[PDB]
Amino acid sequence: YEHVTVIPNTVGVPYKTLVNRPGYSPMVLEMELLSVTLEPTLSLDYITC
Amino acid sequence: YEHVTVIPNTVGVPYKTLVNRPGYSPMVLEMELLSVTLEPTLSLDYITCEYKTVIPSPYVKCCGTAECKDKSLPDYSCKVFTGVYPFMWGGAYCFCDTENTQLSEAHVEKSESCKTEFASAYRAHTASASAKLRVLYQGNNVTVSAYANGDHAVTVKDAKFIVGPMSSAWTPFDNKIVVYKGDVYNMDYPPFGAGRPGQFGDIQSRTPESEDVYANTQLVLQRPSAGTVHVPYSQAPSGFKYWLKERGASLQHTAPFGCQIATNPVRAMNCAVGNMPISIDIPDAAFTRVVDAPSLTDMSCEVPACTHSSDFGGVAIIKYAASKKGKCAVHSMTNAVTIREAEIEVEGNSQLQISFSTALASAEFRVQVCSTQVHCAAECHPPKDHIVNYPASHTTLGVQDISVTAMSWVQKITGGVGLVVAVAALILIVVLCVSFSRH
Ligand SMILES: CCCCCCCC/C=C/CCCCCCCC(=O)OC[C@H](COP(=O)(O)OCC[N+](C)(C)C)OC(=O)CCCCCCC/C=C/CCCCCCCC
C-alpha cells in the first residue's frame, strides 16, 4: 500500500505519519531525518598557488 | 421433506438456499455447479479427405489410333491425342514418325490417409444436458452428478436430488457442424454429391471405411509435351488441404458465454446462460426441532470495516446470548449481500464473526442466525484493484434504487422543492377561495 506523505526537512526531529487502510488496523510510522546532503557538480577552472 | 430452488447457471460460484421447514430450526444448504455439459446428438452426413489421382501408364498405339473406353470410376476422364512421337531412353518408341496416338486416362479415389486425416460433417439435432453439482449438506461437501433433464433423480447420503431441466435451450452448435479432430466449426457444408471443386467437400464419402466416393475436382486431361511419355492434367487442388490452411478460429475460441468445446463426444462445457432448477428431498432425520435448537437473544451487529471488492471484502461481528450449545444456521435475508458462512457454532454468551460480499457502497442488511434476525449496516469503501481473475461472488448491485445513504441530499432537495410547491399551491388555493367567495 503506497502511502505518500511529507515531512519538514528539519534534521533530527521525529515526525509521526498515519498510514490508514480500510480492512486493516491503522499503522503509524515514526521517521526522523538523520542527515541530508547536497552535492554540487564541480567543473574546475584553475588552481592557484 | 422436499425443497425446490433455482440457481444461476454460472459455474464456479456458490449459492446459498434456506430450508425453513415450519416447526423446525431453519437449515441452509450451499450448492455450487462444478460443470455443465451439453452433448448434442450427431448424425454423420459424410467425410472429406485428400484425394489421389490414379493414372495408369499411357497406352501409346504405334501405327494406329486407339479408342476411348468408358467406365464409372469417380472422376474418370479419357482422351486420345494423335500425332505423338514419344521417346524413351534408347530412342523413339514408335516405328513411324506419325500416325501414333496416346490413350491418356485417369480418375480419382480416396487416399490412404482418409483413415486418419479426415473431417467429419455432422448434423447436430438437440442437446442432452448433464450437470455435476457440489452441495454442502449437513456441514459436508458431497459431490452429486446427474442428468439435467428434470428427471433421473439421484440419491446420495439418503437425500434425493433431481436437477434440471435447463431454463434455456441455447446451444453453441448450429444444425451443421464439422469436426476435424479436436476442433468443431459451425459451417454450412455442401450437400452430399453436390460439392464444388477446389472447396471443402470436393470429395465426399459416407464413412471413412466406405467404398463409394463422390468426387468433383474438374480433372481435365492435357496434351502430352512433344517427345515425352507423361500424362499431364489440370485439376483443382484438394479442397480439404485448402480448408486446413483457411480454417479460421474453431468454436472453442469464438463461442459466446465463455463456452468450452471438446470432442469424442462433442460437448459444450460451462455455458454461462440461463439458470438451473434444482430440487432437493431431505429426510426428516436431518432436521431438528426448533425447541431443541439453541435460541439466541440480545444480538448486536457491527461492521469493523467493509469493502465491495467481489471477494468477501467485508466482515461483520455479532454479539449474542445463547440458551445452550449447538450449531446454528446463518442466512442473509438480502440478495444484495452474500454471506460466506453457512452454519456456525453457538454457545453461552459470546460473539461470532461472519464475512460477506456486497456491491452496495452503503451496506444495510438483516443477518438471520437461527430463528432470530439482527439489523446490520455500515459504509463500504471501493477497492483499489481494477481487474481480477475471478467472477464477482455477490449478485448485481441492484435492479432498482439501491443508492447509498447520503442520498439524504436527494431527500433534502426533493423535500425543499416539495415544500416550495406546497406553499405556492396553498397560496393559490387560498386566494382562489377568497376570490370565489367574492361576488
Ligand atoms: C418531461 C421529461 C419526461 C421525459 C421522460 C424521460 C424518459 C427517459 C428514459 C428512458 C429510460 C432509459 C432506460 C434505458 C434502458 C435500460 C434497461 C436496463 O437494462 O436496465 C438496467 C437496470 C434496470 O434493471 P430492471 O429493473 O429494469 O430489471 C428488471 C426488468 N423487468 C422489470 C422487465 C423485470 O438498471 C440497473 O440496475 C443499474 C443500477 C445502477 C444504479 C445507478 C445509480 C445512479 C444514481 C445517481 C444519484 C446521483 C447522486 C445524488 C447526489 C445529489 C446531490 C444534490
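Before any of the text, the structure's been laid out above.
Asks: Help me out: how do you make sense of the overall build of chain A in this one?
Replies: What chain A contains, in helices and strands, is zero helices and two strands. Its C-alpha atoms put chain A at 65 × 20 × 10 Å along the principal axes. Residue burial in chain A is summarised as follows: out of 49 residues, 4% are buried. Sequence-distant contacts in chain A: of pairs separated by 6 or more residues, those separated by 24 or more amount to 16%. Of the roughly 4800 Å² of accessible surface on chain A, 57% is carried by carbon and sulfur atoms.

Asks: What should I look at first to understand unusual backbone geometry in this one?
Replies: All names here are of chain B. The amide bond that connects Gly 164 to the next residue, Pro 165, takes the cis arrangement and shows omega of 0°. Within the fold, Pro 165 resides in the loop between strand 15 (159-163) and strand 16 (176-179). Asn 264 connects to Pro 265 through a cis peptide bond whose omega is 0°. Relative to the helices and strands, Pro 265 resides in the loop between strand 22 (260-262) and strand 23 (267-269). At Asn 264, a position not held by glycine, the phi torsion is positive, near 45°. Within the element layout of this structure, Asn 264 appears in the loop between strand 22 and strand 23. Phi is positive for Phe 312, close to 55°, though the residue is something other than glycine.

Asks: What is the right way to look at the side chain of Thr 307 of chain B in this model?
Replies: Mapped onto the elements, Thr 307 of chain B comes out in the loop between strand 25 (296-306) and strand 26 (314-322). The residues contacting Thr 307 of chain B, other than those within four sequence positions of it, are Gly 313, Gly 314, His 381, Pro 382 and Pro 383 of chain B.

Asks: Quick question: what am I supposed to make of the site of the ligand here?
Replies: All names here are of chain B. Surveying the vicinity of the ligand reveals the residues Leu 397, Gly 398, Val 399, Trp 409, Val 410 and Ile 413. One of the backbone nitrogen or oxygen atoms of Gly 398 is found 3.0 Å away from an oxygen atom of the ligand. Between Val 399 and the ligand, the recorded distance is 3.2 Å, taken from a backbone N or O atom to an oxygen atom.

Asks: When you look at the layout of surface pockets in this model, what are you seeing that I'm missing?
Replies: Empty pockets left among the atoms are what a rolling probe the size of a water molecule brings to light. All names here are of chain B. Counted as a void, the largest pocket has a volume near 560 Å³. Together, 23 residues line the largest pocket, and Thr 307, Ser 309, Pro 382, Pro 383 and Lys 384 are the ones closest to its centre. By residue class, the composition of the lining of the largest pocket is 10 nonpolar, nine polar and four charged. The calculated volume of the second largest pocket comes to roughly 430 Å³. Every residue lining the second largest pocket is counted, 22 residues in all, and those nearest its centre are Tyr 15, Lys 16, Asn 335, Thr 338 and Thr 395.

Asks: Would you mind going over the nonpolar core with me for this structure?
Replies: Residue and element names in this part refer to chain B. Counting 40 residues, the largest nonpolar core has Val 135, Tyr 137 and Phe 173 as its most contacted members. For this core, the elements supplying multiple residues, two or more each, are strand 3 (27-38), strand 11 (119-127), strand 12 (130-137), strand 13 (140-147), strand 15, strand 16 and strand 24 (275-281). Sorting elements by how many residues they give to this core places strand 3 first, with six residues. Those residues in contact with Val 135, other than ones at most four positions away along the chain, are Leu 29, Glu 30, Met 31, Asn 140, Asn 141, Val 142, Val 144 and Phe 161.

Asks: I keep staring at the sheet that holds strand 30 (residues 349-358) of chain B and nothing clicks. Help me out?
Replies: The strands that make up a sheet pair up through hydrogen bonds in the backbone, lying either parallel or antiparallel. Residue and element names in this part refer to chain B. With antiparallel pairing, the four strands of this open sheet are ordered in space as 25-26-30-28. Lying at the two open borders of the sheet, with one neighbouring strand each, are strand 25 and strand 28 (337-339). Each neighbouring strand pair of the sheet contributes to a mean axis angle of 35°, computed without reference to strand direction. Relative to strand 30, strand 26 runs antiparallel, the two sharing eight bridges. In the strand pairing of strand 30, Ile 317 is matched with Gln 353.

Asks: Could you clarify how one ought to interpret the pattern of salt bridges in this entry?
Replies: Oppositely charged side chains are able to pair whenever their charged atoms sit close together. Residues and elements named next belong to chain B. Scanning the model with the defined rule gives 12 salt bridges over all chains in all. Put simply, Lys 69 and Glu 67 hold a salt bridge, and the shortest N to O gap is 3.6 Å. Note that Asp 183 is salt-bridged to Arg 247, the shortest N-O span being 3.5 Å. Here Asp 183 is found in the loop between strand 16 and strand 17 (184-185), whereas its partner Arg 247 is found in the loop between helix 1 (239-245) and helix 2 (251-254), with 64 residues between them in sequence. Using a relative accessible area of 22% as the deciding quantity, one classes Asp 183 as partly exposed. Bridged by salt links that share partners, the residues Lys 16, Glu 30, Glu 32 and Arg 134 form one connected network.

Asks: Please clarify how empty space enclosed by the protein should be interpreted in this entry.
Replies: All names here are of chain B. All told, the structure shown has one cavity of 30 Å³ or more when counted by the stated rule. As a volume, the largest cavity reaches approximately 40 Å³. Contributing to the lining of the largest cavity are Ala 131, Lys 132, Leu 133, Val 144, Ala 146, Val 154, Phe 161, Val 163 and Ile 278. Every element with two or more residues in the lining of the largest cavity is listed here: strand 12, strand 13 and strand 15. Considering each element in turn, the lining of the largest cavity owes the most residues, three residues, to strand 12. Its residues assigned to classes, the lining of the largest cavity shows eight nonpolar, no polar and one charged.

Reading the values: rules and limits
- As drawn, each chain counts its residues from 1 in written sequence order, possibly unlike the entry's numbers, and residues without coordinates are not displayed.
- Ligands are numbered from 1 and chains lettered from A, in the order in which they are written.
- Working note: chains shown belong to a larger assembly, and all values are for the shown part only.
- As a convention, hydrogens and water are excluded, and side-chain values are obtained from all of the structure's heavy atoms.
- Strands are runs of DSSP state E lasting at least 2 residues, helices are runs of H or I lasting at least 4, and numbering of each runs from the N terminus.
- Exposure is judged per residue with a 1.4 Å probe applied to protein chains only, and the accessible area is read against the type maximum: over 50% gives exposed, under 20% gives buried, and values in between give partly exposed.
- Note on contacts: a residue pair qualifies if any of its non-hydrogen atoms lie within 4.5 Å across the two residues.
- Each accessible area is a Shrake-Rupley estimate made with a 1.4 Å probe; only the visible protein chains count as cover when residues are assessed.
- If a single non-hydrogen atom of a residue is within 4 Å of a molecule or strand, that residue counts as near it.
- We define a polar contact as two N or O atoms separated by no more than 3.5 Å, with the added condition that, inside protein, one atom must be a possible hydrogen donor and the other a possible acceptor, whereas residues neighbouring each other in sequence contribute only through side-chain atom pairs.
- Detection works on a 1 Å grid of protein atoms alone, calling trapped sets that fit a 1.4 Å probe cavities and calling open sets with protein on both sides within 12 Å along at least five of seven lines pockets, with lining residues defined by an atom within 4 Å of a point.
- Grid points are joined across faces, edges and corners, and a volume is the space filled by probe spheres set on the points.
- Under the scheme applied here, ten amino acids are nonpolar (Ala, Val, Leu, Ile, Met, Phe, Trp, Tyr, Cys and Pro), four are charged (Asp, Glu, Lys and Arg), and all others, including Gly, are polar.
- As used here, the term nonpolar core means buried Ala, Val, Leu, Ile, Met, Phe, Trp, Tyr and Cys residues forming a set that is joined through side-chain atoms within 4.5 Å.
- Pairing between strands is defined by DSSP: at least two bridges between the two strands are required.
- Between the N-to-C directions of two axes lies an angle of 0 to 180 degrees, each axis being a line fitted to C-alpha atoms and, for a helix, fitted only over the stretch in contact.
- By salt bridge we mean one thing: a side-chain nitrogen of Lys or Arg within 4 Å of a carboxyl oxygen of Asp or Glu.

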